[PDB]
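Here's the structure, in structure tokens; my notes come after.
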Amino acid sequence: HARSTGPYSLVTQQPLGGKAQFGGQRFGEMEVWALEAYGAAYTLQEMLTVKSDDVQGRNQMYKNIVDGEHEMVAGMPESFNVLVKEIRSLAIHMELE
Amino acid sequence: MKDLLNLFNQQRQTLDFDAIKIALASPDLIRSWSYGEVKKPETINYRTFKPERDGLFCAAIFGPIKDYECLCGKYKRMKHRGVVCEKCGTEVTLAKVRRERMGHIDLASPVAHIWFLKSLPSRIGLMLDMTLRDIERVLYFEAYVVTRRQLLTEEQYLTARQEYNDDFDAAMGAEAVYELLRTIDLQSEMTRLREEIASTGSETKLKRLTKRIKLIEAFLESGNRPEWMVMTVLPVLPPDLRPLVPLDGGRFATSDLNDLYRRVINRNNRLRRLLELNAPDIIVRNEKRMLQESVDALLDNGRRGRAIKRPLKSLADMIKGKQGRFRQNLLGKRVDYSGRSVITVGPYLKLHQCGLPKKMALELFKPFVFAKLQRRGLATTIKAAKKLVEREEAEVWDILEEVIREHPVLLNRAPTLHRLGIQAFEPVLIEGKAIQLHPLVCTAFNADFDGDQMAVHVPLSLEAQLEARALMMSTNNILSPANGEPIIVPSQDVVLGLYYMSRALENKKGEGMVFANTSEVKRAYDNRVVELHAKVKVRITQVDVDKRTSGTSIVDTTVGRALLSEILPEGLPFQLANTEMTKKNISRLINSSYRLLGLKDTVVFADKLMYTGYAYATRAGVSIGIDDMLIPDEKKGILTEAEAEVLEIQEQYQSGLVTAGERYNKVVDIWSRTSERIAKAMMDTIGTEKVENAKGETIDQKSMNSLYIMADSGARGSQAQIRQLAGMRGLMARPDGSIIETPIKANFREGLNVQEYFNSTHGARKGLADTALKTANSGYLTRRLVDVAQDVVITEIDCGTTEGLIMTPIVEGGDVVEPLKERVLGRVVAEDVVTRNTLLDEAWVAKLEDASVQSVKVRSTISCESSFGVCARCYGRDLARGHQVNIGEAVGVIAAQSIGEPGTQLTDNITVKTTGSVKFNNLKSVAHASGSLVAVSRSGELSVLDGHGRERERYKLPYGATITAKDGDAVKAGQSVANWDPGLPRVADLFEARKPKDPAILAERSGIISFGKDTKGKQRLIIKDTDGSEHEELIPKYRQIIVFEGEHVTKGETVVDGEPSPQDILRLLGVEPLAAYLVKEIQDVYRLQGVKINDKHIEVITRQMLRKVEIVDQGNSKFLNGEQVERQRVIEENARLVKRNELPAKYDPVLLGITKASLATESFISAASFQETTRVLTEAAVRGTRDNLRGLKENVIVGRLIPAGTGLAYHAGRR
Amino acid sequence: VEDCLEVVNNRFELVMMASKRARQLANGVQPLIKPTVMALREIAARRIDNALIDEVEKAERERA
RNA sequence: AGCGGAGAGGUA
DNA sequence: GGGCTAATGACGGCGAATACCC
DNA sequence: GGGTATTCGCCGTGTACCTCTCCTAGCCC
Ligand SMILES: [Mg+2]
Ligand SMILES: [Zn+2]
Ligand SMILES: [Zn+2]
């Protein structure tokens, strides 16, 4: 199976998993190490932030591909925001300085 | 519910920051973070679908459930923004506001946090100078604290209140510990505990005093108040973070945190009502204890009482553990533009390209198809283009074939071990529903074709295509990162045809004639006028490189080796291919083609070699049957002779002469001898089976059987697999450790009974269990080895130090394991013996081989003078790429993937053998009474010397051993010169550095041997010194103690035999014998298994292991604290250059484990991602540390570029 | 990919140079002789260096 | 109408 | 049937806490 | 006083995929 645009979750803005309900294949933990062993930060940042996790980059990259221009915007994912909002609910102050 | 105009709001957040700071939370910060309080626990109202007012899912506190709408419907338009209502006040904002802000709970009674109490370094016990059980009894309403600090029950409280007359107040619960944390002044307490550490000199009291002083110093430096451990206002999670998922039929799925929140709110409301209604004190204490247990179960469930048949998760369970957020949604996330298939081998494609199904290519490159249809003008809108795509016209396939011509994709098998698991190919459009792959690629993937799946990934940015083409294409990953051998090795189908093609026989048709060139051979082979193999004399042309110098000579070879001479490049001579193409021979040929020729010609040579092997394997037509597998003729006679022998042995045992153990030992000995004789007879009757004639006279030659060709050519089983198919398989083992007495006197060709099958099942299932456990332990060791060393990158081009190591080819007393040619290749020398600071290629090691060198000073990566990594000149030569190591390539992850990869495969008299002389080093001989030579030493080294200048073997000389010869005497082979009379947990034990079972006690320092002192329950061992006193310690009385009284101990010898501890050998001499011992033991383990791993991947790990150091004098920092080498060296040079002449003190190195080095780091994000998240978060909460953001994991977690590889100039221009 | 190893010593500098070259051909620049293969051929032909890329970038910033 | 967690089986 | 209403079949390694003979 | 000797408690145990069912429940009319 294959997919390009699918459904997203509510906790973290990520695609689902499985052949049913249009779920993308999970990028493993060791695959990130195999990518970082080659270096290649541009194909590791584009396959982690603007592909799945960003709520604005996932639309901006699609708009740039359909239109024709090439100008990407890097930003923090939504999962780190969910993690810091979960840490802040434990009476532990954590601010992005 | 649905928003449309919010989708185009681009460039709303920048998120430009430098550091990450974490500290404690003030109650005013919690009161200002929230937007309201909650008082009624109700998350979903029944009989109507509306959020409950002031509940868990509320609208007046968090926000609206519908976007740009309110609850009632008074304001239901986008023109009204920021206008709240009067009956239900909801801010008419975006739907994103339900995830950012949160709520709080006003508690009438205080409650303490469980992370600062139930943790093993308890901070409250260090602050109040009390134990854990006393504060456990006090905080849970079972004792009393007066206000100096003591445990006090209720009868002591009443007898004190009867005599104090309401003048001695004592509180119980959270109020007492709150007043004790409030009323203390840490500024005077620091000086008071400084006087306490100036007075008390006990060692554990010193450790507790430095711990309390460091905690008070961190608390005063961070500015956090000690009263912030206990809390009054408890915040809650935002309602968008957890969903209320409905089920089929209008139901609702249960949750874990919502029930705990409703329980907390219910207990708080009951406690508030009991406090307002003036309840008696015992039920107020019971309600406060119940609220304390409920909050302690909410913060960390399962640590105190495990409040439920399945314990639900909490705020500490969905972060720490396997299903936590750090290992599920931070490191590895599910991405789009992906998909799996089933692999299928395809031989009609090159190694730089791969196959791809048409529907997968249409579904993956669909936005590119939309952009091409918009650019060509065949479809106006994307909806019409999508309908034309799903209608499946003929122009859609033309657009799909045109859009991906040189656009690379990524391929990745889902179980990956090393760094070559992700490669890039240029896909082509084929039919079917299976991805076609090159056969030479699957050697690196280790992917069998029994239904394996791999997931593809599509790089879609402008830079990711260049990053996948320049350094991830299959034509660039030729050499393995482990060793210098290339991964392009012909597999089981190619090397069989190449071995059938490149051999010869005695007499075939078409021999004896002279050919012109390779074209005449190809013109005479296809019309079947000559044989495939015949002793002919051909003439070939080959150039010579120094530069191109052509030359024409004559040679005598076969027809197949002459046909192989048309596909090899011109840089290779014919002498490297005239031998029969075996596995190691063709590996040496591929390495010699890659060494001194280039890359693209080696790539096209490996392309044509597989096609030649396929075209000759389809012409050979090899087949194994029941006639090709032969049995030995004397096998039945040897079996009957062994049967008569074991019958005579059993008769002599049952007659009453020999005991059962020695009879069983001699039975299995003669059965192993019979199995070896049967294997030798089977090899003799298989290898020398075929006979031929040469001019009438018969001659012997190598046989051309089906099994013998597959055995001798490689890419199959060893000689044991041929022994199990021809002769007896020997003696099988038992699971408890013993050997079965009865043998298996039948091969797989003959029939087998149930007894030997049941015996073989024991050895069959244990191998499967061992491979499963080895795979699990290999995955765990790979994860730990990745997470221990991930910051070492190539930063500079030179360090400046010239310390280096001493590289020597190690021997054990027999054949060599590795020569000097295999150990020094690819390194940088330290001093001249060959100039210094140079790179040793394959020619320089051959030039220094004949120079009779013994040990070369080589700069290794365990001694460098760089900051936050190592430099390029110290690491040496890369193993993956043949050139020098570039600036910006990480070497820790490559070394970890190289070490963790072969883990799933892993589970009296000295007679010489060489001919030469004998050398004497580290030995001392005394004159014997008979005129002979006897050596006296604690540990001797008897080494030999060959004619070339290298040592062949090295033996040991014990105390009083008599050597037959002297130094320089010529000793031949088979002579006796000695005369004296008497696993993967092992790999993990060196990385974790645990204590052994019987640790070897080493000496203190270089001192003379003294007499044994008197015992007082343990043995005392004294040592005589020159000027100082005697250093004595204890000894275990259970094991044997061998200390010589009238002798002399050298600088760091041993007194108890056994395996020594790494901490003792680090404390004794330094880091060089520890590094040599670790690399030697790991190399002996990996050579006993059979996988070669280069030494620098172990040197990087043992350099990262030795990072924390300690000091013995407090100059500017503390005393018992352990810091890194870099910061201590910087502050030492600062104090020596700016402050005074020689201000700081000397540092001493200490060793830590891999987990102990992964936990106690400088930062806190990467250390709280794999193990012990609660302890690291508790330590970072009271320290108030600031993350410097320099690593290869924390940039992945945050989301910026990593500072290794392509993203290096970004970090260079950022600072 | 094999010819570009001799003109530059660093592979990551080659990747960043081809990335800086790829941002110009998308907006429209007449080539020297897919933009990736054309940029790699322009690099391997010993025609495009770090000075000419800066010159075209300055001309684009001035003619923006 | 999209989103959740458990239990069992199977391939690599 | 109904509608709101609230177990004992894991195993190894490491750090603190009494505590017992000296 | 004091310096270890058991002893209790905390920490953890590979990756990815495919299919199926079953969940908050209960209680006196
Ligand atoms: Mg397989
Ligand atoms: Zn309203
Ligand atoms: Zn160095």
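Just remember, in the structure tokens the first chain shown is A, the second B, etc., residues are 1-based per chain, and ligands are 1-based in the order shown.
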Against ligand 1, which residues of chain B fall within 8 Å? For each one I want the closest pair of atoms and the distance in Å (one decimal), counting only C-alpha atoms and all ligand atoms, rows by chain and increasing residue number, as a Markdown table.
```
| residue | atom | partner | partner_atom_place_in_ligand_line | distance |
| --- | --- | --- | --- | --- |
| B:446 | CA | ligand 1 | 1 (Mg) | 7.8 |
| B:447 | CA | ligand 1 | 1 (Mg) | 5.2 |
| B:448 | CA | ligand 1 | 1 (Mg) | 3.9 |
| B:449 | CA | ligand 1 | 1 (Mg) | 5.8 |
| B:450 | CA | ligand 1 | 1 (Mg) | 5.2 |
| B:451 | CA | ligand 1 | 1 (Mg) | 6.5 |
| B:452 | CA | ligand 1 | 1 (Mg) | 5.1 |
```
Within 12 Å of residue 46 in chain C using only C-alpha atoms (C1' of nucleotides), minus same-chain residues under 3 positions, as a PyMOL selection string: chain C and resi 3-8+32-33+39-43+49-50+52
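Look at residue 11 in chain A: the protein and nucleic acid residues within 7 Å of it, using only C-alpha atoms (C1' of nucleotides) and passing over chain neighbours fewer than 2 places away, are residues 9 and 13 of chain A; 241 and 242 of chain B.
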Distance-based interface of chain E with chain B, 9 Å, counting only C-alpha atoms (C1' of nucleotides), as a list in words: residues 4, 13, 15 and 16 of chain E
Put those residues in a file: N, CA and C atoms (P, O5', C5', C4', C3', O3' and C1' of nucleotides), as a JSON list (two decimals), in the first residue's frame.
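Dumped to out12.json:
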```json
[["chain", "number", "residue", "atom", "x", "y", "z"],
["E", 4, "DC", "P", -32.87, 8.99, 31.82],
["E", 4, "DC", "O5'", -31.33, 9.29, 32.16],
["E", 4, "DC", "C5'", -31.00, 10.18, 33.23],
["E", 4, "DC", "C4'", -30.97, 9.44, 34.55],
["E", 4, "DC", "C3'", -29.88, 9.90, 35.52],
["E", 4, "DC", "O3'", -30.32, 9.73, 36.87],
["E", 4, "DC", "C1'", -29.48, 7.66, 34.90],
["E", 13, "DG", "P", 25.09, -9.84, 37.61],
["E", 13, "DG", "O5'", 24.83, -8.28, 37.81],
["E", 13, "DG", "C5'", 24.69, -7.43, 36.68],
["E", 13, "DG", "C4'", 24.42, -6.00, 37.09],
["E", 13, "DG", "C3'", 25.27, -5.47, 38.25],
["E", 13, "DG", "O3'", 25.73, -4.16, 37.95],
["E", 13, "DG", "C1'", 22.99, -5.17, 38.75],
["E", 15, "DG", "P", 26.15, 2.34, 42.34],
["E", 15, "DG", "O5'", 25.24, 2.99, 43.49],
["E", 15, "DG", "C5'", 24.16, 3.85, 43.14],
["E", 15, "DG", "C4'", 23.15, 3.96, 44.27],
["E", 15, "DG", "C3'", 23.72, 4.31, 45.65],
["E", 15, "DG", "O3'", 22.87, 5.25, 46.30],
["E", 15, "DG", "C1'", 22.47, 2.33, 45.80],
["E", 16, "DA", "P", 23.40, 6.10, 47.57],
["E", 16, "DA", "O5'", 22.44, 5.64, 48.77],
["E", 16, "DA", "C5'", 21.28, 6.41, 49.09],
["E", 16, "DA", "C4'", 20.30, 5.62, 49.95],
["E", 16, "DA", "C3'", 20.56, 5.66, 51.45],
["E", 16, "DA", "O3'", 19.32, 5.57, 52.14],
["E", 16, "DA", "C1'", 20.69, 3.45, 50.73]]
```
Surrounding residues as a PyMOL selection string, ligand 2, max 12 Å, only C-alpha atoms (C1' of nucleotides) and all ligand atoms: chain B and resi 50-51+53+59-60+63-66+68-76+83-92
Contacts with ligand 3 at most 12 Å, only C-alpha atoms (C1' of nucleotides) and all ligand atoms counted, listed as a ChimeraX atom specification: /B:792-804,828-830,837,858-876,1100,1103
Interface residues on chain C facing chain B, 12 Å, only C-alpha atoms, written as a ChimeraX atom specification: /C:1-6,8-26,34-40
Do me a favour and pick out the residues of chain B within 12 Å of chain D, using only C-alpha atoms (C1' of nucleotides), as a PDB file with N, CA and C atoms, in the first residue's frame.
```pdb
ATOM      1  N   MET B   1     -15.631  22.596  15.166  1.00  0.00           N
ATOM      2  CA  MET B   1     -15.694  21.285  14.533  1.00  0.00           C
ATOM      3  C   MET B   1     -14.948  21.282  13.205  1.00  0.00           C
ATOM      4  N   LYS B   2     -15.186  22.309  12.393  1.00  0.00           N
ATOM      5  CA  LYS B   2     -14.569  22.419  11.079  1.00  0.00           C
ATOM      6  C   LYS B   2     -14.208  23.870  10.807  1.00  0.00           C
ATOM      7  N   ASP B 240      -7.575  19.081  25.421  1.00  0.00           N
ATOM      8  CA  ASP B 240      -7.314  18.583  24.078  1.00  0.00           C
ATOM      9  C   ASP B 240      -6.216  17.525  24.066  1.00  0.00           C
ATOM     10  N   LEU B 241      -5.444  17.415  25.151  1.00  0.00           N
ATOM     11  CA  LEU B 241      -4.337  16.466  25.185  1.00  0.00           C
ATOM     12  C   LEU B 241      -4.827  15.029  25.321  1.00  0.00           C
ATOM     13  N   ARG B 242      -5.972  14.813  25.965  1.00  0.00           N
ATOM     14  CA  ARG B 242      -6.551  13.485  26.019  1.00  0.00           C
ATOM     15  C   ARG B 242      -7.926  13.488  25.358  1.00  0.00           C
ATOM     16  N   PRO B 243      -8.236  12.493  24.528  1.00  0.00           N
ATOM     17  CA  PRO B 243      -9.562  12.444  23.901  1.00  0.00           C
ATOM     18  C   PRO B 243     -10.550  11.574  24.660  1.00  0.00           C
ATOM     19  N   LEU B 244     -11.841  11.825  24.459  1.00  0.00           N
ATOM     20  CA  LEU B 244     -12.903  10.937  24.931  1.00  0.00           C
ATOM     21  C   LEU B 244     -13.457  10.230  23.698  1.00  0.00           C
ATOM     22  N   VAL B 245     -12.827   9.116  23.339  1.00  0.00           N
ATOM     23  CA  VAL B 245     -13.133   8.400  22.102  1.00  0.00           C
ATOM     24  C   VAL B 245     -14.448   7.645  22.250  1.00  0.00           C
ATOM     25  N   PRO B 246     -15.444   7.916  21.411  1.00  0.00           N
ATOM     26  CA  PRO B 246     -16.689   7.151  21.477  1.00  0.00           C
ATOM     27  C   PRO B 246     -16.553   5.802  20.789  1.00  0.00           C
ATOM     28  N   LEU B 247     -17.425   4.883  21.184  1.00  0.00           N
ATOM     29  CA  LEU B 247     -17.471   3.543  20.622  1.00  0.00           C
ATOM     30  C   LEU B 247     -18.749   3.376  19.806  1.00  0.00           C
ATOM     31  N   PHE B 252     -18.865   5.460  25.352  1.00  0.00           N
ATOM     32  CA  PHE B 252     -17.644   6.235  25.526  1.00  0.00           C
ATOM     33  C   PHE B 252     -16.578   5.345  26.143  1.00  0.00           C
ATOM     34  N   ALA B 253     -15.374   5.391  25.582  1.00  0.00           N
ATOM     35  CA  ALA B 253     -14.275   4.599  26.110  1.00  0.00           C
ATOM     36  C   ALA B 253     -13.753   5.203  27.407  1.00  0.00           C
ATOM     37  N   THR B 254     -13.247   4.338  28.280  1.00  0.00           N
ATOM     38  CA  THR B 254     -12.739   4.785  29.566  1.00  0.00           C
ATOM     39  C   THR B 254     -11.369   5.437  29.407  1.00  0.00           C
ATOM     40  N   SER B 255     -11.011   6.252  30.395  1.00  0.00           N
ATOM     41  CA  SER B 255      -9.724   6.927  30.433  1.00  0.00           C
ATOM     42  C   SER B 255      -9.033   6.616  31.753  1.00  0.00           C
ATOM     43  N   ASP B 256      -7.756   6.983  31.832  1.00  0.00           N
ATOM     44  CA  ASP B 256      -6.940   6.722  33.010  1.00  0.00           C
ATOM     45  C   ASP B 256      -6.745   7.953  33.888  1.00  0.00           C
ATOM     46  N   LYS B 309      -8.597  -5.024  37.256  1.00  0.00           N
ATOM     47  CA  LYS B 309      -7.500  -5.934  37.562  1.00  0.00           C
ATOM     48  C   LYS B 309      -6.209  -5.481  36.892  1.00  0.00           C
ATOM     49  N   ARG B 310      -6.262  -4.324  36.236  1.00  0.00           N
ATOM     50  CA  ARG B 310      -5.116  -3.766  35.544  1.00  0.00           C
ATOM     51  C   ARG B 310      -4.843  -2.357  36.051  1.00  0.00           C
ATOM     52  N   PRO B 311      -3.619  -2.056  36.493  1.00  0.00           N
ATOM     53  CA  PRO B 311      -3.311  -0.695  36.963  1.00  0.00           C
ATOM     54  C   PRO B 311      -3.229   0.281  35.798  1.00  0.00           C
ATOM     55  N   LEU B 312      -4.054   1.322  35.855  1.00  0.00           N
ATOM     56  CA  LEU B 312      -4.091   2.328  34.808  1.00  0.00           C
ATOM     57  C   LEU B 312      -2.882   3.257  34.904  1.00  0.00           C
ATOM     58  N   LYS B 313      -2.574   3.906  33.784  1.00  0.00           N
ATOM     59  CA  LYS B 313      -1.396   4.750  33.682  1.00  0.00           C
ATOM     60  C   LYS B 313      -1.625   6.091  34.379  1.00  0.00           C
ATOM     61  N   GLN B 323       6.048   2.633  26.451  1.00  0.00           N
ATOM     62  CA  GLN B 323       4.998   3.398  25.794  1.00  0.00           C
ATOM     63  C   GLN B 323       5.042   4.880  26.144  1.00  0.00           C
ATOM     64  N   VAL B 342       6.594  -6.492  -1.065  1.00  0.00           N
ATOM     65  CA  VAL B 342       7.307  -7.757  -0.937  1.00  0.00           C
ATOM     66  C   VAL B 342       8.469  -7.736  -1.921  1.00  0.00           C
ATOM     67  N   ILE B 343       9.670  -8.053  -1.433  1.00  0.00           N
ATOM     68  CA  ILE B 343      10.856  -7.976  -2.278  1.00  0.00           C
ATOM     69  C   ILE B 343      10.884  -9.145  -3.255  1.00  0.00           C
ATOM     70  N   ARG B 413      14.991  -1.610   5.008  1.00  0.00           N
ATOM     71  CA  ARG B 413      14.412  -2.767   5.674  1.00  0.00           C
ATOM     72  C   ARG B 413      14.072  -2.406   7.113  1.00  0.00           C
ATOM     73  N   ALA B 414      12.958  -2.942   7.611  1.00  0.00           N
ATOM     74  CA  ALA B 414      12.478  -2.530   8.927  1.00  0.00           C
ATOM     75  C   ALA B 414      13.306  -3.109  10.081  1.00  0.00           C
ATOM     76  N   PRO B 415      13.789  -4.394  10.058  1.00  0.00           N
ATOM     77  CA  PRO B 415      14.889  -4.732  10.974  1.00  0.00           C
ATOM     78  C   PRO B 415      16.233  -4.324  10.388  1.00  0.00           C
ATOM     79  N   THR B 416      16.833  -3.288  10.965  1.00  0.00           N
ATOM     80  CA  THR B 416      18.129  -2.795  10.523  1.00  0.00           C
ATOM     81  C   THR B 416      19.143  -2.921  11.653  1.00  0.00           C
ATOM     82  N   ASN B 446      21.019  -8.110   4.311  1.00  0.00           N
ATOM     83  CA  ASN B 446      20.801  -9.438   4.903  1.00  0.00           C
ATOM     84  C   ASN B 446      19.338  -9.864   4.785  1.00  0.00           C
ATOM     85  N   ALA B 447      18.766  -9.650   3.602  1.00  0.00           N
ATOM     86  CA  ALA B 447      17.346  -9.868   3.354  1.00  0.00           C
ATOM     87  C   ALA B 447      17.172 -11.114   2.495  1.00  0.00           C
ATOM     88  N   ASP B 448      16.653 -12.176   3.101  1.00  0.00           N
ATOM     89  CA  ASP B 448      16.254 -13.358   2.357  1.00  0.00           C
ATOM     90  C   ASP B 448      14.928 -13.071   1.651  1.00  0.00           C
ATOM     91  N   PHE B 449      14.632 -13.861   0.618  1.00  0.00           N
ATOM     92  CA  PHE B 449      13.432 -13.661  -0.185  1.00  0.00           C
ATOM     93  C   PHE B 449      12.296 -14.597   0.216  1.00  0.00           C
ATOM     94  N   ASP B 450      12.198 -14.941   1.495  1.00  0.00           N
ATOM     95  CA  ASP B 450      11.077 -15.740   1.989  1.00  0.00           C
ATOM     96  C   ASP B 450       9.961 -14.856   2.539  1.00  0.00           C
ATOM     97  N   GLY B 451       9.517 -13.898   1.733  1.00  0.00           N
ATOM     98  CA  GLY B 451       8.428 -13.026   2.131  1.00  0.00           C
ATOM     99  C   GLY B 451       8.814 -11.900   3.063  1.00  0.00           C
ATOM    100  N   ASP B 452       9.940 -11.240   2.811  1.00  0.00           N
ATOM    101  CA  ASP B 452      10.360 -10.111   3.628  1.00  0.00           C
ATOM    102  C   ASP B 452       9.829  -8.808   3.050  1.00  0.00           C
ATOM    103  N   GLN B 453       9.591  -7.844   3.934  1.00  0.00           N
ATOM    104  CA  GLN B 453       9.030  -6.557   3.560  1.00  0.00           C
ATOM    105  C   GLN B 453       9.999  -5.438   3.912  1.00  0.00           C
ATOM    106  N   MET B 454      10.009  -4.400   3.079  1.00  0.00           N
ATOM    107  CA  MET B 454      10.775  -3.194   3.352  1.00  0.00           C
ATOM    108  C   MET B 454       9.926  -1.980   3.006  1.00  0.00           C
TER     109      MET B 454
END
```
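Proximity to chain C was assessed for A:74, A:65, A:47, A:90 counting only C-alpha atoms; the smallest distance is recorded for A:65.
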Secondary structure check, helix (DSSP H, G or I) residues of range 943-1008 of chain B, as a ChimeraX atom specification: /B:984-992
Interatomic distance, CA of residue 668 in chain B to CA of residue 731 in chain B (Å, one decimal):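 If I compute the distance from CA of residue 668 in chain B to CA of residue 731 in chain B, I get 7.9 Å.
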Residues of chain A in strand (DSSP E or B), written as a count of residues only: 8
Pairwise distance for CA of residue 669 in chain B and CA of residue 752 in chain B, rounded to one decimal in Å: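 Computed distance, CA of residue 669 in chain B to CA of residue 752 in chain B, equals 23.3 Å.
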Given only C-alpha atoms as the counted atoms, nearest of A:94, A:19, A:88, A:60 to chain B: A:94
Residue 29 in chain F surroundings by only C-alpha atoms (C1' of nucleotides), 12 Å radius, close-in-sequence under 4 positions cut, as a ChimeraX atom specification: /E:1-3
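Here CA of residue 158 in chain B is placed at a distance of 29.1 Å from CA of residue 227 in chain B.
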Residues of chain A within 9 Å of chain F: nearest atom pair and distance (Å, one decimal) for each, counting only C-alpha atoms (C1' of nucleotides), sorted by chain and number, as a Markdown table?
```
| residue | atom | partner | partner_atom | distance |
| --- | --- | --- | --- | --- |
| A:18 | CA | F:17 | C1' | 8.2 |
| A:19 | CA | F:18 | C1' | 8.5 |
| A:25 | CA | F:16 | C1' | 8.8 |
| A:26 | CA | F:16 | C1' | 7.8 |
| A:28 | CA | F:15 | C1' | 7.4 |
| A:29 | CA | F:15 | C1' | 8.3 |
| A:30 | CA | F:15 | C1' | 7.9 |
```
Could the residues in this selection be saved with N, CA, C and O atoms as a PDB file, in the first residue's frame?
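New file result-v2.pdb:
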```pdb
ATOM      1  N   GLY A  18      -0.855   1.355   9.930  1.00  0.00           N
ATOM      2  CA  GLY A  18      -1.553   0.183   9.438  1.00  0.00           C
ATOM      3  C   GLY A  18      -2.004   0.306   7.998  1.00  0.00           C
ATOM      4  O   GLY A  18      -2.047   1.409   7.447  1.00  0.00           O
ATOM      5  N   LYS A  19      -2.333  -0.830   7.374  1.00  0.00           N
ATOM      6  CA  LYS A  19      -2.850  -0.801   6.010  1.00  0.00           C
ATOM      7  C   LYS A  19      -4.258  -0.222   5.972  1.00  0.00           C
ATOM      8  O   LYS A  19      -4.618   0.491   5.029  1.00  0.00           O
ATOM      9  N   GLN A  25       3.843   4.201   7.235  1.00  0.00           N
ATOM     10  CA  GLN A  25       4.788   3.300   7.878  1.00  0.00           C
ATOM     11  C   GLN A  25       5.645   4.056   8.883  1.00  0.00           C
ATOM     12  O   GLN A  25       6.072   5.187   8.634  1.00  0.00           O
ATOM     13  N   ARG A  26       5.892   3.420  10.024  1.00  0.00           N
ATOM     14  CA  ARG A  26       6.586   4.069  11.127  1.00  0.00           C
ATOM     15  C   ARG A  26       8.082   4.147  10.853  1.00  0.00           C
ATOM     16  O   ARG A  26       8.727   3.130  10.579  1.00  0.00           O
ATOM     17  N   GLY A  28      11.517   4.046  12.105  1.00  0.00           N
ATOM     18  CA  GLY A  28      12.038   3.431  13.307  1.00  0.00           C
ATOM     19  C   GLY A  28      13.088   4.276  14.005  1.00  0.00           C
ATOM     20  O   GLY A  28      13.592   5.273  13.488  1.00  0.00           O
ATOM     21  N   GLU A  29      13.413   3.853  15.229  1.00  0.00           N
ATOM     22  CA  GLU A  29      14.418   4.557  16.017  1.00  0.00           C
ATOM     23  C   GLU A  29      15.817   4.308  15.471  1.00  0.00           C
ATOM     24  O   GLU A  29      16.661   5.212  15.472  1.00  0.00           O
ATOM     25  N   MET A  30      16.081   3.091  14.995  1.00  0.00           N
ATOM     26  CA  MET A  30      17.380   2.772  14.419  1.00  0.00           C
ATOM     27  C   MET A  30      17.552   3.338  13.015  1.00  0.00           C
ATOM     28  O   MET A  30      18.691   3.516  12.568  1.00  0.00           O
TER      29      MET A  30
END
```
Interface, chain A side, toward chain C (12 Å; only C-alpha atoms) as a PyMOL selection string: chain A and resi 38-43+64-65+67-72
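Here the question is which of B:983, B:484, B:882, B:239 gets nearest to chain A using only C-alpha atoms, and that residue is B:239.
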Exercise: residue 174 in chain B partners within 12 Å, only C-alpha atoms (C1' of nucleotides), chain neighbours under 5 positions left out, as a PyMOL selection string: chain B and resi 108-113+135-141+143-145+179-182+227+229-232+285+288-289+291-292
